[PDB]
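Residue numbers (the working numbering), protein chains in the order written: chain H, 9 to 754; chain G, 66 to 272; chain X, 724 to 1000. Report on the structure given below.
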Amino acid sequence: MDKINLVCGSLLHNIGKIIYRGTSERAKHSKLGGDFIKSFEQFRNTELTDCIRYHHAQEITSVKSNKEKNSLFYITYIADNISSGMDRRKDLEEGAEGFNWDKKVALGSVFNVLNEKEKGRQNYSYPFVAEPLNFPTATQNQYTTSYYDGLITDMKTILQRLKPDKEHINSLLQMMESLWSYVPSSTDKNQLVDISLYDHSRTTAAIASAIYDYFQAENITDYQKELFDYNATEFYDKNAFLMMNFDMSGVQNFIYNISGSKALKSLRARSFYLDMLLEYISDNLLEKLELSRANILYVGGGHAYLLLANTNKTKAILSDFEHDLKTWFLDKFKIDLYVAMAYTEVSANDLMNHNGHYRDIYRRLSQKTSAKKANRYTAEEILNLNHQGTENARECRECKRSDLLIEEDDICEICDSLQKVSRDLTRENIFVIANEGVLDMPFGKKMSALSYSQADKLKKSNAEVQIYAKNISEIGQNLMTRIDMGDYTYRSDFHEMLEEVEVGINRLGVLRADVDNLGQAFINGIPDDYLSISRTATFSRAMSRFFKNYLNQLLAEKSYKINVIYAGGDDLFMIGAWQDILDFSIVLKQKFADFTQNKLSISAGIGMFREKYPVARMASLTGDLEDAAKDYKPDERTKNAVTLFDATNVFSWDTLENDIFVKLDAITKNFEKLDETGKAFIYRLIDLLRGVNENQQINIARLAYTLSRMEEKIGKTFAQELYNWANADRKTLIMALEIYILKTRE
Amino acid sequence: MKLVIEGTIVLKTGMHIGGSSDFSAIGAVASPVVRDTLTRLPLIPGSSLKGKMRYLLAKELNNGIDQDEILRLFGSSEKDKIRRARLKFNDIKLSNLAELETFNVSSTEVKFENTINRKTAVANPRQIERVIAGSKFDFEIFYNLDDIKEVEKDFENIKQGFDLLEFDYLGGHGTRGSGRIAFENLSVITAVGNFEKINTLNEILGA
Amino acid sequence: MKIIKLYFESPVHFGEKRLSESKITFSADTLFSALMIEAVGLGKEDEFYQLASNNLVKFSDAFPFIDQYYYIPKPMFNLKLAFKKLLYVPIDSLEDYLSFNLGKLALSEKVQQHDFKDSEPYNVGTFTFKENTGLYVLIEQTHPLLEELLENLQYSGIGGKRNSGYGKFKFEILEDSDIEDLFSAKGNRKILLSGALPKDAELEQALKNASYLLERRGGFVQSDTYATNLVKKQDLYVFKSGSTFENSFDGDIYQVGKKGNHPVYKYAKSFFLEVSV
């Protein structure tokens, strides 16, 4: 009756759905999952088989008395009921020999329900591709039974090395992540098809483990009767869950403490350090609290929503965890970096949005987290901060901390550890967190960030040294935790990279691309009739999946000369050849509006910089171009726009991708066949087009005279359209001509 | 006692000054001149005037030695000879914009330059934005009198720095024909306190 | 309650931790240390120190003001609760709270040039007020020593990249009628308007329903007589001047510094604006 077999059963719950949708037998899919798993390499114990085979209340109210009290599957049944947010008291299970119901239906999307009352409710689907770029297309896709049979063979070949152990839970989870991400949990129903099988299984595993921890701290054993002989509407009122979050504070002021030489590599080092440090502390609280990584709902940029059990054991563990974490931050990053741990008490009605109160979980959590950010120290921290003293302790040159320095270079040690790991992450493959190493992390666990050869030996079944890596070849042999990051280094240097840009001006291009109001879409972008923990999980899953995998795919598939550093809707930071930055911004917009299916938008700012410009000033100036794009509007009273190289050239994505780019391609088409006219004629054209602002009428007349005078060589059609564009939209053709001359320099 | 050294810099040439991170278009001024961030008048920073005066004074007064007659004027923060700076330079803005609109000219011009490669004889045109010549610049340099014994030598040294700056440029592309300034209407007036021997200071300058 | 209104003729640099950046207000640490640097030239350092230490002269930090309006930083109330981004709020309308920009920031790029090695560029972050705009410092019970210490400070400048050349102002000690009875009147939650640090005997009751934000105050001492070396003074973590409280305290003039030739002081007294919430 331990919860490890419970979380394994709750994860392997609804494995019968895929093999019902694939195979030949048409029975109750719960039986199919049960004998599928019992006919594996081991006949797994009854603890798994009652969770897998015996759920779905109609199936277990028939055979009940032979089944035990304290039987560990009733909590799986109620976790499956709560994760859908559905009302499964009367509704049947697919494959109950009822009638003709569908077999091959495609997964929906959480982006079509998103922003329903303004941006409409579309109805798209995810076609199957045999981590492929799968954007939703409105054509009605169907998964053929060979896809499910291939899924069966893949999970058979993966699960053979996987048996119920404490270290196999994350490997089984990432197996579910790789396989069932495009398997719909619902079939032939309402719009419950839009949640994946993996996301619903992760949510029901987290809720099942939390319910068991609540039961084993609040002394409930006869829970079969208070589910079934008396209905559990009284349990739904019980505040049985916590939902905790982290917020890192001061992330931007930390990652932008950069310098002269080795500026950009230090920014990668600090951004990666803070993100993976947040991932490690969010995993380590689950390790101290004896939970799986399914209880994590999201670990994004600077924040980490969890889900726990409302027990005094959990509250005590949270308090003496956050004291140690606060002491470790105030040991090194004195008031600069701080993480805030606040948690609300949440019942079972409001995870279903039953009587309302779903969004108030997030509201109470953010109010408590803002209250923690205000009242962030007790008197002991403040008193020790005031009384704190040291040795000589000069200041870092790249960082600025009054810490003890090191020899021959006279710098901070956080600065130096970030430098050495930044040398290690020039090969971005695998990171190790052991009790000794080069980069300090709490609690007394230092990274080395080694390579895969010395990390194969290092796992001696130590059961404490966690290995984080981005690449997974074989699931069972590795047994490590997967971490997302956007890391496409085209060259890792810019001298040779900007030397092999042939026909343009050798300038760096920097891009920023904030997402327009992802916070508001996170809070109330999804309507109340379709609101549950599954959709709130899978929507953040979808956006993190895009920004940490899909743009890596996009940079790889057409070899754009772009180095990427950040990843997320919070911020992005790409630097590379300016022609590739400008030619990639539009396709990033088009593929973001195809992934989010015209629901979420972006706001980029592009800047042209010289190759040896300070990277801190490059980032600050393109942040100015970013917020110039986010402040874009017409005269009354549209926030998606791109800022090109200067704060006054603010065009929307429609204007850049259509008007500027069609004009530029027409100018490039009509000025490559002529061997004389540009660029002297084009410079004399710009010299009066930019003079229309100060002297309007005479420059328009001189434009007319020049175009009719020298239409003898460029053609009467091109001169007429140059005059008509220069009379209608002058602001656009000036930008098109400027980019054309910058692209044809030398 | 705080004395105010008041005067006026008149430009006998262009005097391009200062640097900006501002973006330049293709046919447009690269390296524009520094301006005030609100009024957009052309501006001489106090740091540029201070550094050029220190450069000329330390070039002349030192003969292969810095001794203290420059550190007492401009300050130092070295390891042992720390001195509080007596002179307090200020950011100088354009004074006679009313004069330039009488002559129907703006406050600044665009100078067109290029370079010729000696191997391929190709030009390389640049546009540098200078202040126009004949624009006055009214400044105020606050002097902090605390050693009444050496105010005579310090104001002699300030006048020597002014008349050494009368023969060199004030900033920017100085060797290639810009930057030439001239000082006029130099006068000293006690701000707080009442200094007795202000006539000898105003006769060191006002001559 | 007199008003030390400051109109600025120059861009100013009030550094926080780096030269490249600048904030728009100077703290009361800077104002007290500036006034006492002006006092040591007059030979009246101890009179000013005992004038502040006996709570006779007590001033806030700088707050922005525009034409006819006086602003203060956003009181971080411990509420149970666009208008989301308003970093400064007026002092007249705070009770009913329960559009704005002054000048712009800039970064004036500079060099240290040399003849026979290449130059060393650096940046100084400025802030230029508008022509109808500046900062004001609240003061209770003005003093002729205070009235003349501002008269020397306007000819030596306030801020960072003084002396070359950024701090230049012209004060007017002014007296107001609708914001002395904002301090005579009282409510139940006491917001802070100075860079205060409660003493160790009252900190644990100062922070009971407090909603603060600690700001570190450090840096190098600015004197040519303190041990003949530009040496950092020990960092003092004070509350921000936009924090609120439930139990009022009184700060102190902390002497931040080890061995040296004179006591390096730091104004960490408080100045509360009691309001009802």
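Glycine included, C-beta positions come from ideal geometry on N, C-alpha and C.
From the DSSP output, in three-state form, read off residue i for me.
i, result
"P867 of chain X", "helix"
"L282 of chain H", "helix"
"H837 of chain X", "coil"
"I147 of chain G", "strand"
"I130 of chain G", "coil"
"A477 of chain H", "strand"
"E353 of chain H", "strand"
"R371 of chain H", "helix"
"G308 of chain H", "coil"
Around the Cβ of residue i, are there at least 16 other Cβ atoms within 10 angstroms (buried) or fewer (exposed)?
i, result
"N74 of chain H", "exposed"
"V658 of chain H", "buried"
"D207 of chain H", "buried"
"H395 of chain H", "exposed"
"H37 of chain H", "buried"
"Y845 of chain X", "exposed"
"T377 of chain H", "buried"
"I814 of chain X", "buried"
"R97 of chain H", "exposed"
"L412 of chain H", "exposed"
Which residues in chain X have a C-beta closer than 9 Å to the C-beta of residue i? List them in chain order.
i, result
"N383 of chain H", "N801, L930, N932, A933, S934, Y935"
"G310 of chain H", "Those do not exist, as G310 of chain H stays about 18 Å from chain X at its closest Cβ, beyond 9 Å."
Check the Cβ of residue i against every Cβ in chain G and list those closer than 8 Å, keeping chain order.
i, result
"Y691 of chain H", "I91, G92"
"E746 of chain H", "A90, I91"
Who are the neighbours of residue i on chain X, taking C-beta pairs under 8 Å?
i, result
"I254 of chain G", "The premise fails here: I254 of chain G is roughly 11 Å from chain X at the closest Cβ pair, so nothing lies under 8 Å."
"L230 of chain G", "Within chain X, no residue comes near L230 of chain G; the closest Cβ sits about 16 Å away, beyond 8 Å."
In its own chain, which residues sit with a C-beta less than 7 Å from the C-beta of residue i, not counting the 5 before and 5 after it?
i, result
"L563 of chain H", "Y496, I570, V572"
"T948 of chain X", "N984, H985"
In chain X, which residues lie less than 7 Å from residue i when you measure between Cβ atoms?
i, result
"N209 of chain G", "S879"
"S142 of chain G", "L953"
"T73 of chain G", "What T73 of chain G touches in chain X: nothing, since even the nearest Cβ is about 17 Å away."
Ignore the nearest five residues each way along the sequence and tell me which others in residue i's own chain have a CB closer than 8 Å to its CB.
i, result
"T646 of chain H", "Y640, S660"
Could you tell me which chain G residues have their CB closer than 7 Å to the CB of residue i, listed as they occur along the chain?
i, result
"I749 of chain H", "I91"
"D283 of chain H", "Near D283 of chain H there are no residues of chain G at all, since even the closest Cβ is about 30 Å away, more than 7 Å."
Near residue i, what residues of its chain come up, given a Cβ to Cβ distance below 6 Å and the 5 sequence neighbours on each side ignored?
i, result
"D899 of chain X", "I726"
"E268 of chain G", "none"
"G576 of chain H", "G309, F555"
"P135 of chain H", "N149"
For a contact defined as C-beta to C-beta under 9 Å, what are the partners of residue i on chain G?
i, result
"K767 of chain X", "Per Cβ cutoff of 9 Å: no residues; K767 of chain X is ~14 Å from chain G at best."
"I12 of chain H", "Within 9 Å Cβ-Cβ: nothing; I12 of chain H doesn't reach chain G, min ~59 Å."
"residue 1047 of chain X", "In the structure displayed, chain X extends from 724 to 1000; residue 1047 of chain X sits before or after that span and is not available."
"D695 of chain H", "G92"
"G942 of chain X", "Neighbours of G942 of chain X on chain G: none; closest Cβ ~13 Å, over 9 Å."
List, in order along the chain, the chain H residues whose C-beta lies closer than 7 Å to that of residue i?
i, result
"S86 of chain G", "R625, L629"
"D752 of chain X", "Here the premise fails: no neighbours, minimum Cβ distance about 15 Å."
"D923 of chain X", "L391"
Which residues in chain H sit within 8 Å of residue i, going by Cβ to Cβ distance?
i, result
"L926 of chain X", "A387, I390, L391"
"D973 of chain X", "The premise fails here: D973 of chain X is roughly 17 Å from chain H at the closest Cβ pair, so nothing lies under 8 Å."
"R939 of chain X", "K342, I343"
Please confirm whether any heavy atom of the ligand HEM lies closer than 7 Å to the CB of residue i.
i, result
"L936 of chain X", "The ligand HEM is absent from the structure shown, which contains no ligands of any kind."
Is there a Cβ from chain B that is less than 8 Å from the Cβ of residue i?
i, result
"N394 of chain H", "Among the chains of the structure shown, chain B does not appear; the protein chains present are H, G and X."
Residues of the stretch 868-886 of chain X whose Cβ lies closer than 9 Å to any Cβ of chain G, in chain order
Going along the stretch 868-886 of chain X in chain order, one finds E871, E874, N875, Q877, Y878, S879, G880, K884, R885, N886 with a Cβ nearer than 9 Å to chain G.
Name the residues in the stretch 954-965 of chain X whose C-beta lies less than 8 Å from a C-beta of chain H; which are they?
Of all residues in the stretch 954-965 of chain X, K955, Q957, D958, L959, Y960 have a Cβ within less than 8 Å of some Cβ in chain H.
Members of the stretch 731-748 of chain X that neighbour chain G once the beta carbon cut-off is set at 9 Å:
If the cut-off is 9 Å between Cβ atoms, the stretch 731-748 of chain X has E732, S733, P734 near chain G.
Give the residues from the stretch 127-160 of chain G that approach chain X closer than 8 Å (Cβ to any Cβ), ordered along the chain.
If the cut-off is 8 Å between Cβ atoms, the stretch 127-160 of chain G has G140, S142, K144, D145, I147, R148, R149, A150, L152, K153, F154, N155, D156 near chain X.
At a CB distance below 7 Å, what residues from the stretch 649-681 of chain H approach chain G? Give them in sequence order.
For the stretch 649-681 of chain H, the beta-carbon criterion of a distance under 7 Å to any beta-carbon of chain G is satisfied by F653, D654.
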